[PDB]
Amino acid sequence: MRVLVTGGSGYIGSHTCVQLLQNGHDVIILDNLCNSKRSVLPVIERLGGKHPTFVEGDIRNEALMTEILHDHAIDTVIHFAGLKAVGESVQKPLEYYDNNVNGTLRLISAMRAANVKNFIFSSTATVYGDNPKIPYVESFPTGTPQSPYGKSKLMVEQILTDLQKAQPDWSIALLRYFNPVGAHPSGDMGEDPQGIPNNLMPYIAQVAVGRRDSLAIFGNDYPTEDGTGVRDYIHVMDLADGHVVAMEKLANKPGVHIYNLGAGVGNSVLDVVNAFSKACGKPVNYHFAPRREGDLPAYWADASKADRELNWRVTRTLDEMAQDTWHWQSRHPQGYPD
């Protein structure tokens, strides 16, 4: 199929692009590289075993999107592009609503112009809000996210649902990610955050690689087995695979298909630390710090729907997630080249 992968050079989009190419689809990446580098493209190429087309641009550019879609005879669009730093979203709301909400709206607006009607959105588990019912199920109503980032995602899910209804031939999937970690098994691709990592794993990897002193565990007084926060960690390769199936199965299937993407199991901070310590052959240094604003104690997915309906499920373990992350980090300590 002809797919447009926005944010395609980004972290999750780069691995999805490799897997799309392995399944022989025609890929066209669209990225403004505000959080990624060209240096990945070649890697995507190699690992993908085929050449994806890249266009540097912005999702907010209605006319460009509309051109790209027409020009490349796009069949479906995978939209990973946007801003996702929770914390900064609290300092700079405006920029989050503009790139996520408005960026999305520009993109879909163009889709509408080019007669494009198959779509896959990068959603979150945060949409569930502060839901005491765990694990989370798609049939639960949505709550009120603590952050502007959380909010932009949800708002986009509403806009997309409202569009789908007015234009019922559309095929829209709302892929709610949980906690994506890990890297390409080759160790040649991986998450490459610039500056201080806001996420557990990268942070961990950074301490491990020796760039950081200690991992700060935000809280130890939670209502969990070990007192640390619990999340459903999902290998990025699993994620990718899923995106490939969603796209292949959902195309031209009218409706709003909501699916949770996770391992459907919970792991605590210490758990992750332990997996990582084991993978890197040494004790990961950490200490306990206070609770992180906004943080929820524990949650994980109920990913039965994806299983039944798409026949999709996670095949990688927590161990590999740590191993592959260590491999990457250790093989490319400076990340992707300038």
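Numbers follow the displayed sequence, beginning with 1.
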> Of 111-119 and 155-163, which one has the bigger average CA B-factor?
Replying inline: 111-119
> Per the entry, where is the mean C-alpha temperature factor higher: 249-257 or 190-198?
Replying inline: 249-257
>> By the CA temperature factor listed in this entry, which of these ranks top: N102, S139, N267, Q91?
In response: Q91
> What's the residue among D295, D26, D58, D302 with the greatest CA temperature factor in the PDB record?
Replying inline: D295
> Hey, what third does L30 fall into on Cα B-factor, ranked over its chain?
Replying inline: highest
> Going by what the PDB entry lists, where does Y149 fall on CA B-factor within its chain: lowest, middle or highest third?
Replying inline: middle
> By its CA B factor, does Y203 count among the lowest, middle or highest third of the modelled residues in the chain?
Replying inline: lowest
> Within this chain, which third does the Cα B-factor at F288 fall in: lowest, middle or highest?
Replying inline: highest
>> Considering every modelled residue of the chain and its Cα B-factor in the PDB entry, is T126 in the lowest, middle or highest third?
In response: lowest
